[PDB]
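Heads up, the thing below is written out as structure tokens.
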Amino acid sequence: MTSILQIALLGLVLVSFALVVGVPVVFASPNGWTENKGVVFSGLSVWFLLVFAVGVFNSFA
Amino acid sequence: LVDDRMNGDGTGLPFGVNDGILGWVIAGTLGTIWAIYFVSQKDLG
Amino acid sequence: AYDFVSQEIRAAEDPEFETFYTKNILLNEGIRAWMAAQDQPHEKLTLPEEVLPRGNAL
Amino acid sequence: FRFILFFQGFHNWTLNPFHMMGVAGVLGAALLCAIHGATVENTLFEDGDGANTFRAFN
Amino acid sequence: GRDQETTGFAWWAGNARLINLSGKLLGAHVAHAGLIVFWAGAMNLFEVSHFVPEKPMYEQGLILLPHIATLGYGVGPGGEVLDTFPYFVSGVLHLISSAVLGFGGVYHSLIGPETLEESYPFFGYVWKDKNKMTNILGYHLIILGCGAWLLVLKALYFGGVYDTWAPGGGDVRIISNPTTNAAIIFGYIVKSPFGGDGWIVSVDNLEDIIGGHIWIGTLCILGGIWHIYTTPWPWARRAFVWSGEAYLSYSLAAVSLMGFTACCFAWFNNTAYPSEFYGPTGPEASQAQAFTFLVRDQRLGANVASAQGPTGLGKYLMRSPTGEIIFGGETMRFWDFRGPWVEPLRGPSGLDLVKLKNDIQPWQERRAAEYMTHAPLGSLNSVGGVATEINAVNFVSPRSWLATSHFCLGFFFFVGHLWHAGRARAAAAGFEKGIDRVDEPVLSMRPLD
Amino acid sequence: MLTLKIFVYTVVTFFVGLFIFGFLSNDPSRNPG
Amino acid sequence: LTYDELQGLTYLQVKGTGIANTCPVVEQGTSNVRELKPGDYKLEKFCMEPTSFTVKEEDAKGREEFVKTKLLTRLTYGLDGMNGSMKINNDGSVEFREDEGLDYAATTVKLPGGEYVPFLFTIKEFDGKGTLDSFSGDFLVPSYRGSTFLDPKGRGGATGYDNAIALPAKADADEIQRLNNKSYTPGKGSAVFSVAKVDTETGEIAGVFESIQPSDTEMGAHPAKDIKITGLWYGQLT
Amino acid sequence: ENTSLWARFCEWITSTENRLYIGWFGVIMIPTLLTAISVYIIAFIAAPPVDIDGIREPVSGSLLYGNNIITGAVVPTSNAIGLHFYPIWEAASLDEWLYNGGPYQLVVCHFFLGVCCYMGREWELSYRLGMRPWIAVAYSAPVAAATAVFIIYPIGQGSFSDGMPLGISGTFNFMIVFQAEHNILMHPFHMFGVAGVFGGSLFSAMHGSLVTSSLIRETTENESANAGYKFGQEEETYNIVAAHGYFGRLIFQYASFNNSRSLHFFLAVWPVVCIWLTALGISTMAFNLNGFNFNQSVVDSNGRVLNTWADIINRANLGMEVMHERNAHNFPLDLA
Amino acid sequence: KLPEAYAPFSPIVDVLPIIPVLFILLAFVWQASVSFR
Amino acid sequence: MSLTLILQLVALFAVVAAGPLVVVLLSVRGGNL
Amino acid sequence: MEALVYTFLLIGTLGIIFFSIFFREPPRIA
Ligand code: CLA
Ligand code: CLA
Ligand code: CLA
Ligand SMILES: CC1=C(/C=C/C(C)=C/C=C/C(C)=C/C=C/C=C(C)/C=C/C=C(C)/C=C/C2=C(C)CCCC2(C)C)C(C)(C)CCC1
Ligand SMILES: CC1=C(/C=C/C(C)=C/C=C/C(C)=C/C=C/C=C(C)/C=C/C=C(C)/C=C/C2=C(C)CCCC2(C)C)C(C)(C)CCC1
Ligand SMILES: [Cl-]
Ligand SMILES: [Cl-]
Ligand SMILES: [Fe+2]
Ligand code: NA
């Protein structure tokens, strides 16, 4: 499960890149937040899911 | 011992109060100035 | 204005008279002795370690 | 820096009253610079309504 | 954002535009808190990645790992690193929490309400509503008290903490019977700050530390409740300035004092900052050098007790001004040093001549030599030793880094007390922008001062 | 030496008390503004 | 404070109180000193504590009198930890000997008119003789300053200058005593000890002592002054 | 007003009609500073030698004991004391207190209190006169430096014996030993401090010359130009525009500082900031951090050490190090 | 060092600590973007 | 040249460009800065 | 005797400072 943990961690790093570079853009954009609530919610949810997956994979192996 | 000393250096004495007379004079002076302030100004609490 | 001759004479006569000025003179002496060899290569000063002024255990 | 330490070691430049007067002059000049700047910046007339006092000057 | 025309503050004072914007101020403070946690996590990960457990922690320039190790978490007897995993866990946790706090700061700074007074009355302070400000102080005071009790619980029922005074080389001990005596605990604060006394820096037991944190946690919770349920007294209203900048200035003064205290704690104290992780102190290194040379010359025959130095004062041993036998030389200035490796050699009247002859154990000698070779002396570019060295060793003591950095921070925050406090006073009175130019106070005063 | 110590303690306490209770006696209202 | 009372106290209970400089005092002995059992004893825990310092001064009329002084070097004048031998004889004859320990202490008294008088209060190698009521003897007095000690201008024995280099035209016989005459020759002092109390069960003894030793000669710069030191001494036998 | 004596006392203390402003910071500044002045004067004139190094080698620093003004000083406290508190009542006698260097500690403590209260008093008078309260912030820099050389460095080194002696030759000795043990010249904070004093001198000369040159003609010849200015002139007597034009043309146009306020803020902030930095450098070196150590940093292909000017500085530092305290060291490493 | 699972991610950890000092520079960049309005 | 060095440089460039990139995107988009 | 001269010079400087403080010419406004 070491390889699985590593690819999950890379996915988490990529999702964090996306969130860091997008959340300020969505927030400061005019009317951007209202039309992008779902996208940001999906991003945060998958980010937290990846965090917990990395945690459980670390626990396993 | 050839002389007399305070012998207080390097001790955990509060405020350096080795004898109670020092603490009493400290309290008396602070309390007297406080009494002057209280009877002149207004302290309540 | 290197020295006060009165104090140097008094120290020479009195082996226990010391001021910050005399300590500064000793410091200057150390600086000169330990910097001369490499600061002024043309002098070719091959001073043995036993002639360099030095304190105690240092 | 080597030049400075050489002067201390050989000439005893610190004890010389002329470097003393020079030190006094330079430190006093720095003191005057700081004091004049602070005193002017702390005795300014209002001349404006903004909390930025630099804009209130023509 | 804002502009200078609508606010009166230029860009180089732009955060001053947030004084009366409660929501954006909350966002800014949350973002800076997220920054603090992010540095904690990232630097912890950096340290563990660059850490080899074979070498001592202070050899490798680590400041956070000693902090974690002092709380237990993977250290064996004598301060030997067993598991580096808890350090990694701490780094990851602080880092993820920092990500959450950063998102929160961004939200409360960009999209959240600019002013919270209307929509969220519970968070709508006014910088002069004394009751509300005391309520906020009480909430955060309760939080601080809970943190202190958290430390107490860690030392009491969760494996204890690293006692460097434990017999042997020190070990992780569960502190039982904390010092909960009022006289002992409060005698530290009224203790002198000079030599031999050291104020609170001279705390030496773990029992004293745990009892003190017990008292501080309980008092902080009680004071939080008190400041929640009460309004400042009428004499308190007249004594203080009531504005946001005034509160900032008070906090600046307090944390400048705390920074100076932390600098001195890191430099002098070796109980809460065990030398196994932070390395020897200055006094510790000097005493270690004197002890090492004493044992070397004592092994080579000789009698250190009667050995007279060049000054006629004692080459290895002398008498402290009070009369206690102490190591000779310059290290006589550090005669009040106390360490785990030197206390067994001290009798009722100070260093014992008999114990110094035969009671010395090899581990004490090894620790003394190691401390002597790693004295807290270094250069800016991390070159170990005195200023006159050969640029061969790469070492600056973590104690030196902590002391220097937090002393600079303490001084600058004292200057902060000065600046923000004077400005608070002037703004309350009305002089913040300058003299009136129509009614100067000076023009209403008699001449010749 | 005890008499000197108690005298100095009295003097220091007197002056520090004056400072503390002078800065309390409605000081912020002592400005021209 | 007897030996046991001092020994029971911890370092933290003694540091800062000046008790360390004091020598222990026997408390439950007997003044009858003749009751001590004869034999050879390894005298250890030997300590000496002065009670006064007086400096000899000769006035205009030649009346060499001892003037009381004021101590300057705080509580750093107590000798302790010394070891030696002692032979109590049946008639009371005593062969006292001191070998090791902190048997020297550099001190500096001040004489009226403002004279700083330094000296090494020492009992080194005191080979005393006499009765059990009072035994006297001589002891070595090392030079106050070691050879490697440097004078304020760098002169000194061993490591030194042997010349006033600050005067590149004055190194002549007018400064013979100060230059190169750093005579570190040890002197001798005289001491007298009287036994006051003896605890036979503990085997400890205590009494009074009086010693006369020269002052600091400052490496031969000026003549030595006679120092008279009275005090009390303690020791343990075998 | 209030008939109470306390109210009258508070009015008099905070009165702005006094020739010198007493304040609440004043009531602590006056006694501490007067005590320090008295002790310093009496000790500098006639005080017996002090065993500064604790090696029973007293150092004479008073005029009565064969000193002049340049060499005279108040010798720091004995090294045997260390950081211990040494009041007069602690010593057995005045003779012992003088011998162990008590006057230095007394003067330093009462003087540190005095300067802190002096800064507070500057703020207090600024508040009483209705002016901006930041002269004290500027004054903090000398206070920071004095604290660093009198309090912080002894604390870091563990003894008041390492504090700067209250004298001239003592000051020079302190500087030389500091360079020996810390290589302060190579420290970037003494670099910033030197840049600060040199910039203070440069900017003081530049600003004074510009203002004096721009001084508008209100006084003709046959008398000093100072008569043109009046204390109540309430107007600029100098043409600022001409001075700005000259300064711009001297080096390059658009050199800024067309604001008098910006110019004076820069004048205030440059030396103050640089002195803050150099005081912080002194304190950090007090905790043994030292300057750059580039000794033997340059080596050739085979490994031979190629000397640099840093090596010559190190040779001078070695010369100072092996002589600074001849008899106080029993072991090879100073470490203290 | 890091646990063997996280060994390949060592460069990211070696780069992370400098971000806090990047935030203040980002604030200056943002102010410059608005002409220091 | 080193693989660790290559990855370090890549991560450094990414994190450095992250801030200016979002600033530029908000400027071109028209977001309130 | 040198100490006497130094003390006199210091006393003179301090007296000059005292006179310049408390016996200064008043600053004339306008
Ligand atoms: C950590 C320090 C810090 C913090 C927390 C703040 C916070 C704040 N500042 Mg400020 N500022 C700072 C430093 C700081 N500042 C410094 C050093 C300066 C001197 C240059 C200034 C000068 C300044 C001025 C002149 C102004 C502010 C203003 C503001 C407020 C409005 C922000 C805004 O909406 O702008 C716009 C926001 C953007 C352009 C978006 C870009 C930046 C975002 C936050 C991206 C962050 C990147 C990050 C990785 C995102 C993580 C996402 C997460 C999910 C992981 C805000 C609460 C304004 C104010 O007064 O409020 C009314 C204002 O005018 N500041
Ligand atoms: C950092 C947390 C904190 C803060 C910011 C405050 C702030 C405040 N408190 Mg509070 N308090 C706290 C914690 C805190 N308190 C705790 C934990 C308790 C429980 C013990 C209390 C109990 C308490 C009471 C009973 C009262 C206050 C009051 C006040 C207000 C008046 C302050 C004052 O009297 O001036 C300054 C205080 C003094 C000049 C007196 C100093 C007393 C201390 C003990 C001196 C100790 C000196 C000692 C030698 C240590 C010196 C070392 C030092 C240099 C570090 C003020 C806004 C008063 C109030 O307004 O009622 C609401 C009041 O009556 N507090
Ligand atoms: C560049 C900014 C900067 C940086 C990088 C640091 C960094 C550091 N500071 Mg510093 N500081 C700064 C600015 C900075 N500071 C400023 C501006 C000031 C004011 C002048 C201070 C004042 C200051 C003080 C007074 C102290 C530090 C200290 C420290 C060190 C420890 C940090 C810490 O743990 O804090 C504190 C951590 C918290 C507040 C959160 C703790 C929350 C709980 C209680 C933790 C408990 C965990 C628990 C036991 C585990 C769970 C157990 C459970 C299972 C039962 C650290 C290396 C400390 C130090 O080491 O002294 C040298 C110290 O005491 N700093
Ligand atoms: C308001 C504003 C500001 C500020 C801002 C801020 C400061 C924010 C915060 C921010 C932040 C502070 C954020 C955070 C982030 C973080 C994150 C997002 C994390 C992530 C993580 C991950 C992805 C993973 C990792 C890993 C692990 C865990 C393991 C090991 C390895 C690694 C490390 C890889 C400014 C100045 C601009 C100005 C303007 C306004
Ligand atoms: C934890 C612990 C401990 C304990 C500690 C403690 C016990 C603490 C507490 C402390 C404290 C108990 C503190 C307090 C402080 C206080 C203060 C610092 C005050 C100040 C004051 C003020 C700031 C005021 C001012 C003023 C006046 C005077 C006048 C008018 C105006 C005003 C009001 C402003 C120990 C040691 C064991 C060690 C270990 C740990
Ligand atoms: Cl010196
Ligand atoms: Cl030494
Ligand atoms: Fe001007
Ligand atoms: Na030396």
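Just so we're on the same page: first chain in the structure tokens is A, next is B, and so on; residues restart at 1 for each chain, and ligands are numbered from 1 in the order they show up.
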Within 12 Å of ligand 1, which residues of chain A show up? Give each one with its shortest atom-to-atom distance in Å (one decimal) and the two atoms involved, counting only C-alpha atoms and all ligand atoms, rows by chain then rising residue number, as JSON lines.
{"residue": "A:13", "atom": "CA", "partner": "ligand 1", "partner_atom_place_in_ligand_line": "55 (C)", "distance": 11.8}
{"residue": "A:15", "atom": "CA", "partner": "ligand 1", "partner_atom_place_in_ligand_line": "55 (C)", "distance": 10.6}
{"residue": "A:16", "atom": "CA", "partner": "ligand 1", "partner_atom_place_in_ligand_line": "55 (C)", "distance": 7.4}
{"residue": "A:17", "atom": "CA", "partner": "ligand 1", "partner_atom_place_in_ligand_line": "55 (C)", "distance": 8.7}
{"residue": "A:18", "atom": "CA", "partner": "ligand 1", "partner_atom_place_in_ligand_line": "54 (C)", "distance": 9.5}
{"residue": "A:19", "atom": "CA", "partner": "ligand 1", "partner_atom_place_in_ligand_line": "54 (C)", "distance": 5.9}
{"residue": "A:20", "atom": "CA", "partner": "ligand 1", "partner_atom_place_in_ligand_line": "52 (C)", "distance": 4.5}
{"residue": "A:21", "atom": "CA", "partner": "ligand 1", "partner_atom_place_in_ligand_line": "50 (C)", "distance": 7.0}
{"residue": "A:22", "atom": "CA", "partner": "ligand 1", "partner_atom_place_in_ligand_line": "52 (C)", "distance": 8.0}
{"residue": "A:23", "atom": "CA", "partner": "ligand 1", "partner_atom_place_in_ligand_line": "54 (C)", "distance": 5.8}
{"residue": "A:24", "atom": "CA", "partner": "ligand 1", "partner_atom_place_in_ligand_line": "45 (C)", "distance": 5.0}
{"residue": "A:25", "atom": "CA", "partner": "ligand 1", "partner_atom_place_in_ligand_line": "40 (C)", "distance": 7.2}
{"residue": "A:26", "atom": "CA", "partner": "ligand 1", "partner_atom_place_in_ligand_line": "40 (C)", "distance": 9.6}
{"residue": "A:27", "atom": "CA", "partner": "ligand 1", "partner_atom_place_in_ligand_line": "40 (C)", "distance": 7.9}
{"residue": "A:28", "atom": "CA", "partner": "ligand 1", "partner_atom_place_in_ligand_line": "40 (C)", "distance": 6.0}
{"residue": "A:29", "atom": "CA", "partner": "ligand 1", "partner_atom_place_in_ligand_line": "40 (C)", "distance": 9.2}
{"residue": "A:40", "atom": "CA", "partner": "ligand 1", "partner_atom_place_in_ligand_line": "54 (C)", "distance": 9.8}
{"residue": "A:41", "atom": "CA", "partner": "ligand 1", "partner_atom_place_in_ligand_line": "54 (C)", "distance": 11.5}
{"residue": "A:43", "atom": "CA", "partner": "ligand 1", "partner_atom_place_in_ligand_line": "54 (C)", "distance": 10.2}
{"residue": "A:44", "atom": "CA", "partner": "ligand 1", "partner_atom_place_in_ligand_line": "54 (C)", "distance": 8.6}
{"residue": "A:47", "atom": "CA", "partner": "ligand 1", "partner_atom_place_in_ligand_line": "54 (C)", "distance": 10.6}
Inset, instruction - For chain G, report every residue with an atom at most 10 Å from chain E (counting only C-alpha atoms), formatted as a ChimeraX atom specification. - result: /G:6-22,73-82,99-107,119-120,124,142-150
Only C-alpha atoms, please: the residues just picked out, written as an mmCIF file, in the first residue's frame.
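Resulting contents of selection38.cif:
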data_model
loop_
_atom_site.group_PDB
_atom_site.id
_atom_site.type_symbol
_atom_site.label_atom_id
_atom_site.label_comp_id
_atom_site.auth_asym_id
_atom_site.auth_seq_id
_atom_site.Cartn_x
_atom_site.Cartn_y
_atom_site.Cartn_z
ATOM 1 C CA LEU G 6 26.199 20.732 59.088
ATOM 2 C CA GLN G 7 26.222 17.439 57.187
ATOM 3 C CA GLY G 8 22.458 16.970 57.436
ATOM 4 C CA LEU G 9 21.744 20.253 55.667
ATOM 5 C CA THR G 10 21.527 20.207 51.885
ATOM 6 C CA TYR G 11 23.429 22.498 49.496
ATOM 7 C CA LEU G 12 20.280 24.515 48.764
ATOM 8 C CA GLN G 13 19.781 25.058 52.504
ATOM 9 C CA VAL G 14 23.393 26.295 52.918
ATOM 10 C CA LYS G 15 24.171 28.225 49.680
ATOM 11 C CA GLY G 16 23.920 31.997 50.368
ATOM 12 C CA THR G 17 23.932 31.818 54.175
ATOM 13 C CA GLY G 18 27.678 31.907 54.858
ATOM 14 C CA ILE G 19 27.563 28.657 56.843
ATOM 15 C CA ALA G 20 30.040 27.046 54.421
ATOM 16 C CA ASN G 21 32.955 29.249 55.531
ATOM 17 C CA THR G 22 32.364 28.347 59.186
ATOM 18 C CA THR G 73 37.575 39.499 50.441
ATOM 19 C CA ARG G 74 34.228 38.454 51.996
ATOM 20 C CA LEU G 75 33.840 34.883 53.322
ATOM 21 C CA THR G 76 36.753 33.293 51.463
ATOM 22 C CA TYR G 77 39.156 32.773 54.369
ATOM 23 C CA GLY G 78 38.283 29.335 55.733
ATOM 24 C CA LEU G 79 40.642 26.382 55.394
ATOM 25 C CA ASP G 80 38.961 22.978 55.324
ATOM 26 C CA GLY G 81 39.302 19.463 53.977
ATOM 27 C CA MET G 82 42.863 19.094 55.245
ATOM 28 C CA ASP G 99 49.490 17.251 54.405
ATOM 29 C CA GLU G 100 46.641 18.036 52.007
ATOM 30 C CA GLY G 101 43.344 19.869 51.484
ATOM 31 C CA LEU G 102 42.296 23.477 51.005
ATOM 32 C CA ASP G 103 45.109 24.631 53.276
ATOM 33 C CA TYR G 104 45.544 28.121 51.801
ATOM 34 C CA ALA G 105 43.271 31.098 51.227
ATOM 35 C CA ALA G 106 44.238 34.399 49.614
ATOM 36 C CA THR G 107 42.765 37.298 51.590
ATOM 37 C CA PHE G 119 48.309 37.523 52.314
ATOM 38 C CA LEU G 120 47.947 33.765 51.914
ATOM 39 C CA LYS G 124 50.753 24.172 54.657
ATOM 40 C CA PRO G 142 54.182 30.016 49.518
ATOM 41 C CA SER G 143 54.542 33.130 47.420
ATOM 42 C CA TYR G 144 51.264 35.017 47.171
ATOM 43 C CA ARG G 145 51.697 35.339 43.395
ATOM 44 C CA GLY G 146 52.794 32.469 41.195
ATOM 45 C CA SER G 147 55.755 32.800 38.875
ATOM 46 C CA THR G 148 53.598 33.030 35.749
ATOM 47 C CA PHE G 149 51.645 35.940 37.254
ATOM 48 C CA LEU G 150 52.080 39.043 35.099
#
Inset, instruction - Would you list the residues that come within 6 Å of ligand 3? Count only C-alpha atoms and all ligand atoms and give the answer as a PyMOL selection string. - result: chain E and resi 63-64+147-148+150-151+153-154+158+255-256+258-259+262-263+266+402+409-410+413
Inset, instruction - Find the residues near segment 203-214 of chain H: any atom within 10 Å, counting only C-alpha atoms, skip ones fewer than 6 places away on the same chain, and give them as a VMD selection string. - result: (chain D and resid 26 28 to 34 36 to 37) or (chain H and resid 197 225 237 to 244 246 to 247 263 to 264 266 to 267 270 to 271)
Could the residues of chain C within 8 Å of chain H, counting only C-alpha atoms, be given as a compact mmCIF listing (two decimals) with N, CA, C and O atoms, in the first residue's frame, please?
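Dumped everything to iface22.txt:
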# COMPACT_ATOMS: atom_id res chain seq x y z
N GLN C 7 52.15 57.70 34.13
CA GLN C 7 51.59 56.42 34.54
C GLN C 7 52.52 55.27 34.22
O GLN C 7 52.62 54.31 34.99
N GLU C 16 52.25 47.14 41.36
CA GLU C 16 50.86 46.82 41.66
C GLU C 16 49.89 47.92 41.24
O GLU C 16 48.69 47.81 41.51
N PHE C 17 50.38 48.97 40.59
CA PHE C 17 49.52 50.04 40.10
C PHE C 17 49.01 49.67 38.71
O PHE C 17 49.81 49.44 37.80
N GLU C 18 47.69 49.60 38.56
CA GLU C 18 47.09 49.20 37.31
C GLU C 18 45.87 50.06 37.02
O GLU C 18 45.07 50.34 37.91
N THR C 19 45.74 50.48 35.76
CA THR C 19 44.59 51.21 35.28
C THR C 19 44.16 50.62 33.94
O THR C 19 44.87 49.79 33.36
N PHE C 20 43.00 51.05 33.45
CA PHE C 20 42.55 50.57 32.15
C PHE C 20 43.49 50.99 31.04
O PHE C 20 43.57 50.32 30.00
N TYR C 21 44.22 52.08 31.24
CA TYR C 21 45.19 52.52 30.24
C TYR C 21 46.32 51.51 30.08
O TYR C 21 46.73 51.20 28.95
N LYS C 23 46.17 48.30 30.72
CA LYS C 23 45.60 47.14 30.05
C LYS C 23 45.46 47.38 28.56
O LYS C 23 45.71 46.48 27.75
N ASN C 24 45.07 48.59 28.17
CA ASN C 24 45.02 48.92 26.75
C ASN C 24 46.40 48.85 26.12
O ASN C 24 46.54 48.43 24.96
N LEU C 26 48.83 46.87 27.03
CA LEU C 26 49.10 45.44 26.85
C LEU C 26 48.36 44.88 25.63
O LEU C 26 48.92 44.08 24.87
N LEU C 27 47.11 45.29 25.45
CA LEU C 27 46.36 44.85 24.28
C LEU C 27 47.02 45.31 22.99
O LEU C 27 47.11 44.54 22.02
N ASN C 28 47.48 46.56 22.95
CA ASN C 28 48.18 47.06 21.77
C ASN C 28 49.44 46.24 21.50
O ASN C 28 49.75 45.92 20.34
N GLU C 29 50.17 45.91 22.56
CA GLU C 29 51.38 45.11 22.40
C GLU C 29 51.06 43.75 21.80
O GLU C 29 51.75 43.28 20.89
N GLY C 30 50.00 43.11 22.29
CA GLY C 30 49.59 41.84 21.72
C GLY C 30 49.21 41.96 20.26
O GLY C 30 49.60 41.12 19.43
N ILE C 31 48.44 42.99 19.91
CA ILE C 31 48.04 43.20 18.52
C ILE C 31 49.26 43.32 17.64
O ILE C 31 49.37 42.65 16.60
N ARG C 32 50.20 44.18 18.03
CA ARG C 32 51.40 44.38 17.22
C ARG C 32 52.15 43.08 17.02
O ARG C 32 52.48 42.70 15.89
N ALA C 33 52.43 42.38 18.12
CA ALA C 33 53.26 41.18 18.03
C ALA C 33 52.60 40.11 17.18
O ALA C 33 53.27 39.47 16.36
N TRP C 34 51.30 39.90 17.34
CA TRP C 34 50.65 38.81 16.63
C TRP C 34 50.21 39.17 15.22
O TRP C 34 49.88 38.27 14.45
N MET C 35 50.21 40.45 14.86
CA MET C 35 49.83 40.83 13.51
C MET C 35 51.03 41.18 12.63
O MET C 35 50.89 41.18 11.41
N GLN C 38 52.39 38.49 9.58
CA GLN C 38 51.65 38.31 8.34
C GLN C 38 51.14 39.61 7.75
O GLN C 38 50.85 39.66 6.55
N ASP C 39 51.01 40.67 8.55
CA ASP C 39 50.53 41.94 8.02
C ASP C 39 51.60 42.66 7.21
O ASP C 39 51.27 43.38 6.26
N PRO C 53 54.19 37.90 23.09
CA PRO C 53 53.55 38.09 24.39
C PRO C 53 52.22 37.36 24.46
O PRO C 53 51.49 37.28 23.47
N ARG C 54 51.92 36.83 25.63
CA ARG C 54 50.77 35.96 25.79
C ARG C 54 50.41 35.90 27.26
O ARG C 54 51.30 35.93 28.12
N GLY C 55 49.12 35.81 27.55
CA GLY C 55 48.64 35.70 28.91
C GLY C 55 48.85 34.31 29.47
O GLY C 55 49.81 33.61 29.13
N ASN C 56 47.94 33.90 30.34
CA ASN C 56 48.00 32.59 30.98
C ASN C 56 46.90 31.70 30.42
O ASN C 56 45.73 32.08 30.41
N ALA C 57 47.30 30.51 29.96
CA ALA C 57 46.37 29.47 29.53
C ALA C 57 45.42 29.97 28.44
O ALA C 57 44.22 29.73 28.47
N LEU C 58 45.98 30.67 27.46
CA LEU C 58 45.17 31.21 26.38
C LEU C 58 45.97 31.30 25.09
O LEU C 58 45.42 31.25 23.99
Legend entry - Straight-line distance linking atom CA of residue 216 of chain E with atom 37 (C, counted along the ligand's line) of ligand 2, stated in Å to one decimal: 16.7 Å
Inset, instruction - Identify, with DSSP run on backbone atoms, the residues in chain B assigned to helix (DSSP H, G or I), and express the list as a ChimeraX atom specification. - result: /B:14-16,20-40
Mind writing the picked residues with C-alpha atoms as a PDB file, in the first residue's frame?
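Below is the file selection19.pdb, written as the result:
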ATOM      1  CA  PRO B  14      10.533  37.903  48.748  1.00  0.00           C
ATOM      2  CA  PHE B  15      11.369  41.516  47.833  1.00  0.00           C
ATOM      3  CA  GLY B  16      14.559  40.997  49.815  1.00  0.00           C
ATOM      4  CA  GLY B  20       9.431  41.587  58.944  1.00  0.00           C
ATOM      5  CA  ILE B  21      10.197  45.229  59.732  1.00  0.00           C
ATOM      6  CA  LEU B  22      11.060  45.832  56.068  1.00  0.00           C
ATOM      7  CA  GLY B  23       7.776  44.332  54.904  1.00  0.00           C
ATOM      8  CA  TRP B  24       5.894  46.354  57.501  1.00  0.00           C
ATOM      9  CA  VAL B  25       7.482  49.641  56.415  1.00  0.00           C
ATOM     10  CA  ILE B  26       6.826  48.799  52.750  1.00  0.00           C
ATOM     11  CA  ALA B  27       3.168  48.100  53.515  1.00  0.00           C
ATOM     12  CA  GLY B  28       2.898  51.203  55.685  1.00  0.00           C
ATOM     13  CA  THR B  29       4.352  53.548  53.076  1.00  0.00           C
ATOM     14  CA  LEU B  30       2.257  52.114  50.242  1.00  0.00           C
ATOM     15  CA  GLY B  31      -0.863  52.157  52.411  1.00  0.00           C
ATOM     16  CA  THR B  32      -0.287  55.737  53.530  1.00  0.00           C
ATOM     17  CA  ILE B  33       0.089  56.983  49.962  1.00  0.00           C
ATOM     18  CA  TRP B  34      -2.970  54.915  49.034  1.00  0.00           C
ATOM     19  CA  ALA B  35      -4.934  56.473  51.895  1.00  0.00           C
ATOM     20  CA  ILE B  36      -3.995  59.960  50.705  1.00  0.00           C
ATOM     21  CA  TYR B  37      -5.052  59.077  47.155  1.00  0.00           C
ATOM     22  CA  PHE B  38      -8.291  57.455  48.335  1.00  0.00           C
ATOM     23  CA  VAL B  39      -9.355  60.338  50.571  1.00  0.00           C
ATOM     24  CA  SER B  40      -8.492  62.789  47.771  1.00  0.00           C
TER      25      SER B  40
END
Inset, instruction - Report as a PyMOL selection string which protein, DNA and RNA residues come within 6 Å of ligand 2, using only C-alpha atoms and all ligand atoms. - result: chain E and resi 189-190+219-220+222-223+227+230-233+236
At a cut-off of 8 Å, which residues of chain B touch chain E? Count only C-alpha atoms and give the answer as a short mmCIF file (atom, residue, chain, number, x, y, z; two decimals) with C-alpha atoms, in the first residue's frame.
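Contents of the output file iface_33.cif:
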data_model
loop_
_atom_site.label_atom_id
_atom_site.label_comp_id
_atom_site.auth_asym_id
_atom_site.auth_seq_id
_atom_site.Cartn_x
_atom_site.Cartn_y
_atom_site.Cartn_z
CA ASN B 7 23.94 37.12 54.69
CA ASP B 9 22.67 37.42 49.01
CA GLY B 10 21.68 34.55 46.74
CA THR B 11 18.48 33.68 48.60
CA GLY B 12 14.86 33.44 47.50
CA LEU B 13 13.75 36.16 49.89
CA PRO B 14 10.53 37.90 48.75
CA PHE B 15 11.37 41.52 47.83
CA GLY B 16 14.56 41.00 49.82
CA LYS B 42 -12.18 58.26 44.31
CA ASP B 43 -11.25 54.57 44.50
CA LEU B 44 -14.07 52.04 44.86
CA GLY B 45 -13.37 48.38 44.09
#
